[PDB]
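A short write-up of the structure that comes next.
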Amino acid sequence: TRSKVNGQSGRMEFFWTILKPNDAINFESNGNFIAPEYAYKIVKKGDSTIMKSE
Amino acid sequence: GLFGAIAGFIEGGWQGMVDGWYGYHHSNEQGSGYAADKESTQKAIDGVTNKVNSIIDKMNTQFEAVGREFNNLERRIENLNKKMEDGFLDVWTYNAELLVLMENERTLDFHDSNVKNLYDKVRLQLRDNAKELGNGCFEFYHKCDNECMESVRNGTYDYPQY
Ligand SMILES: *[C@@H]1O[C@H](CO)[C@@H](O[C@@H]2O[C@H](CO)[C@@H](O)[C@H](O)[C@H]2NC(C)=O)[C@H](O)[C@H]1NC(C)=O
Ligand SMILES: *[C@H]1O[C@H](CO)[C@@H](O[C@@H]2O[C@H](CO)[C@@H](O)[C@H](O)[C@H]2NC(C)=O)[C@H](O)[C@H]1NC(C)=O
């Protein structure tokens, strides 16, 4: 039993990983699965930052 | 100042000497005027220039903060991160402010020194051919025309001649 945030007592817990080239990811589930549709290729690596600002 | 010349036995500077930091004022029958001692002056300009660049360049490598975020149950390391970044900023702020204070004092004294040395340079040429008045000035026993004056500024003042 959980308090209602945005009118929901259910929750979603999200996970991630970096799948390296030539490697495979394997899923198995009975239910409650939030499956990937789209994933992001990392094409350009370099200098960046997340800047907090209004 | 440490060397006693600037705002010391030389009471004040000269608005009328525009062309250099240190120099001479002459007064004889032909007239009077200011003349900058360029060499002493250029020496000072090279030293101060080097100083500024030395200061700027020494502060070149210095702490750069990066953004790092932490969840609600990572308060300890969040605090650590903050104390760490603030700590380095305070250290570099101290270094910068103290360097400026210390080197400002040395710059003012440096000028005082250059004046004292220019005064002694002239004193050591003239020796007992002039009265040391005690205010930066030397009153000649002989007439000293413009070529005579120039030889004082030269380093060429022929003492045995007078
Ligand atoms: C898919 O994943 C498999 C292993 O789970 C990867 O292994 C490659 O597969 C072939 C075998 O048929 C090898 O000859 C290749 O050398 C592997 N390729 C590379 C580039 O290492 C498989 O490569 C992946 N599929 C691809 C690359 O099409
Ligand atoms: C400094 O000044 C003195 C005096 O002006 C110079 O000696 C004279 O030099 C001129 C021009 O070279 C000659 O024509 C005169 O015969 C010299 N007279 C006397 C009384 O010295 C000296 O050459 C200068 N030295 C410098 C600029 O280093």
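Residues are referred to by chain and number: the chain letter is A, B, ... according to the order shown in the structure tokens, the number counts from 1 in that chain, and ligands are numbered separately from 1 in the order shown.
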> Using only C-alpha atoms and all ligand atoms, what are the residues with an atom within 9 Å of ligand 1, set out as a PyMOL selection string?
Replying inline: chain A and resi 21-25
File dump, residues just selected, N, CA and C atoms, as a PDB file, in the first residue's frame:
```pdb
ATOM      1  N   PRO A  21      29.535  -3.357 -28.068  1.00  0.00           N
ATOM      2  CA  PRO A  21      29.372  -3.950 -29.392  1.00  0.00           C
ATOM      3  C   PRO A  21      29.661  -5.441 -29.397  1.00  0.00           C
ATOM      4  N   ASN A  22      28.960  -6.169 -30.265  1.00  0.00           N
ATOM      5  CA  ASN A  22      29.059  -7.631 -30.339  1.00  0.00           C
ATOM      6  C   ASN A  22      28.551  -8.391 -29.100  1.00  0.00           C
ATOM      7  N   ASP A  23      27.922  -7.704 -28.146  1.00  0.00           N
ATOM      8  CA  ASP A  23      27.341  -8.360 -26.973  1.00  0.00           C
ATOM      9  C   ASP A  23      25.830  -8.419 -27.128  1.00  0.00           C
ATOM     10  N   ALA A  24      25.213  -9.389 -26.463  1.00  0.00           N
ATOM     11  CA  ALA A  24      23.770  -9.576 -26.531  1.00  0.00           C
ATOM     12  C   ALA A  24      23.121  -9.386 -25.161  1.00  0.00           C
ATOM     13  N   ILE A  25      21.936  -8.771 -25.146  1.00  0.00           N
ATOM     14  CA  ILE A  25      21.127  -8.655 -23.921  1.00  0.00           C
ATOM     15  C   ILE A  25      19.950  -9.635 -23.973  1.00  0.00           C
TER      16      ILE A  25
END
```
> What residues in chain A have any atom no more than 8 Å from chain B when counting only C-alpha atoms, and can you write them as a ChimeraX atom specification?
Replying inline: /A:49-51
> For residue 36 (chain A), which residue among A:48, A:7, A:54, A:14 is the nearest when counting only C-alpha atoms?
Replying inline: A:14
> If you count only C-alpha atoms, which residues fall within 7 Å of residue 20 (chain B), apart from same-chain ones fewer than 5 positions away, as a VMD selection string?
Replying inline: chain B and resid 36 to 38 41
Restricting it to N, CA, C and O atoms, dump the selection as a PDB file, in the first residue's frame.
```
ATOM      1  N   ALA B  36      63.421  62.212 -18.861  1.00  0.00           N
ATOM      2  CA  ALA B  36      63.288  60.864 -18.333  1.00  0.00           C
ATOM      3  C   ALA B  36      64.570  60.033 -18.504  1.00  0.00           C
ATOM      4  O   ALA B  36      65.253  60.183 -19.499  1.00  0.00           O
ATOM      5  N   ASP B  37      64.904  59.236 -17.496  1.00  0.00           N
ATOM      6  CA  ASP B  37      66.011  58.313 -17.588  1.00  0.00           C
ATOM      7  C   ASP B  37      65.378  57.099 -18.142  1.00  0.00           C
ATOM      8  O   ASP B  37      64.705  56.362 -17.417  1.00  0.00           O
ATOM      9  N   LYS B  38      65.549  56.905 -19.429  1.00  0.00           N
ATOM     10  CA  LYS B  38      64.846  55.834 -20.123  1.00  0.00           C
ATOM     11  C   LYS B  38      65.328  54.459 -19.705  1.00  0.00           C
ATOM     12  O   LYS B  38      64.528  53.514 -19.511  1.00  0.00           O
ATOM     13  N   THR B  41      64.017  53.402 -16.479  1.00  0.00           N
ATOM     14  CA  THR B  41      62.600  53.261 -16.749  1.00  0.00           C
ATOM     15  C   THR B  41      62.289  51.931 -17.438  1.00  0.00           C
ATOM     16  O   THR B  41      61.360  51.253 -17.079  1.00  0.00           O
TER      17      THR B  41
END
```
> Which residues come within 12 Å of residue 42 (chain A), counting only C-alpha atoms, excluding same-chain residues fewer than 2 positions away, as an NGL selection string?
Replying inline: :A and (18-21 or 39-40 or 44-46)
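Each residue with an atom within 12 Å of any atom of ligand 2 appears in the list, which was built counting only C-alpha atoms and all ligand atoms: residues 37, 38, 39, 144, 145, 146, 147, 148, 149, 150, 151, 152, 153, 154, 155, 156, 157, 158 and 161 of chain B.
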Same residues, N, CA and C atoms, output as an mmCIF file, in the first residue's frame:
```
data_model
loop_
_atom_site.group_PDB
_atom_site.id
_atom_site.type_symbol
_atom_site.label_atom_id
_atom_site.label_comp_id
_atom_site.auth_asym_id
_atom_site.auth_seq_id
_atom_site.Cartn_x
_atom_site.Cartn_y
_atom_site.Cartn_z
ATOM 1 N N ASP B 37 64.904 59.236 -17.496
ATOM 2 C CA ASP B 37 66.011 58.313 -17.588
ATOM 3 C C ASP B 37 65.378 57.099 -18.142
ATOM 4 N N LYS B 38 65.549 56.905 -19.429
ATOM 5 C CA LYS B 38 64.846 55.834 -20.123
ATOM 6 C C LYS B 38 65.328 54.459 -19.705
ATOM 7 N N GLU B 39 66.630 54.294 -19.533
ATOM 8 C CA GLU B 39 67.161 52.968 -19.211
ATOM 9 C C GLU B 39 66.638 52.489 -17.876
ATOM 10 N N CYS B 144 77.074 74.678 -15.223
ATOM 11 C CA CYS B 144 76.810 73.415 -15.887
ATOM 12 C C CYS B 144 75.794 73.680 -16.984
ATOM 13 N N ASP B 145 76.303 73.868 -18.196
ATOM 14 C CA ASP B 145 75.448 74.095 -19.377
ATOM 15 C C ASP B 145 74.749 72.810 -19.829
ATOM 16 N N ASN B 146 73.963 72.876 -20.905
ATOM 17 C CA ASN B 146 73.144 71.737 -21.314
ATOM 18 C C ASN B 146 73.936 70.481 -21.661
ATOM 19 N N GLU B 147 75.123 70.657 -22.236
ATOM 20 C CA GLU B 147 76.013 69.519 -22.509
ATOM 21 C C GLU B 147 76.569 68.961 -21.207
ATOM 22 N N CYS B 148 76.898 69.842 -20.266
ATOM 23 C CA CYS B 148 77.312 69.434 -18.930
ATOM 24 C C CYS B 148 76.191 68.617 -18.283
ATOM 25 N N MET B 149 74.964 69.133 -18.288
ATOM 26 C CA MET B 149 73.804 68.401 -17.759
ATOM 27 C C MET B 149 73.630 67.046 -18.426
ATOM 28 N N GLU B 150 73.734 67.015 -19.744
ATOM 29 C CA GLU B 150 73.575 65.761 -20.476
ATOM 30 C C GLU B 150 74.596 64.699 -20.062
ATOM 31 N N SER B 151 75.825 65.127 -19.797
ATOM 32 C CA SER B 151 76.894 64.216 -19.360
ATOM 33 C C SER B 151 76.593 63.608 -17.987
ATOM 34 N N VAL B 152 75.809 64.308 -17.167
ATOM 35 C CA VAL B 152 75.347 63.769 -15.888
ATOM 36 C C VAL B 152 74.338 62.653 -16.158
ATOM 37 N N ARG B 153 73.374 62.924 -17.027
ATOM 38 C CA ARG B 153 72.401 61.915 -17.430
ATOM 39 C C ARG B 153 73.051 60.738 -18.171
ATOM 40 N N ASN B 154 74.113 61.030 -18.915
ATOM 41 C CA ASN B 154 74.924 60.030 -19.640
ATOM 42 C C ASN B 154 75.529 58.949 -18.760
ATOM 43 N N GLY B 155 76.106 59.369 -17.643
ATOM 44 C CA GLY B 155 77.096 58.583 -16.923
ATOM 45 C C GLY B 155 78.507 59.058 -17.249
ATOM 46 N N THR B 156 78.621 60.128 -18.038
ATOM 47 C CA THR B 156 79.877 60.596 -18.624
ATOM 48 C C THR B 156 80.441 61.854 -17.929
ATOM 49 N N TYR B 157 79.837 62.277 -16.823
ATOM 50 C CA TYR B 157 80.241 63.533 -16.187
ATOM 51 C C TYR B 157 81.737 63.516 -15.828
ATOM 52 N N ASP B 158 82.535 64.312 -16.537
ATOM 53 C CA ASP B 158 83.992 64.301 -16.361
ATOM 54 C C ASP B 158 84.406 65.068 -15.089
ATOM 55 N N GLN B 161 87.632 67.359 -14.890
ATOM 56 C CA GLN B 161 87.448 68.584 -15.669
ATOM 57 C C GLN B 161 86.987 69.750 -14.791
#
```
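In terms of minimum interatomic distance to residue 60 (chain B), B:92 ranks closest within B:106, B:15, B:86, B:92, counting only C-alpha atoms.
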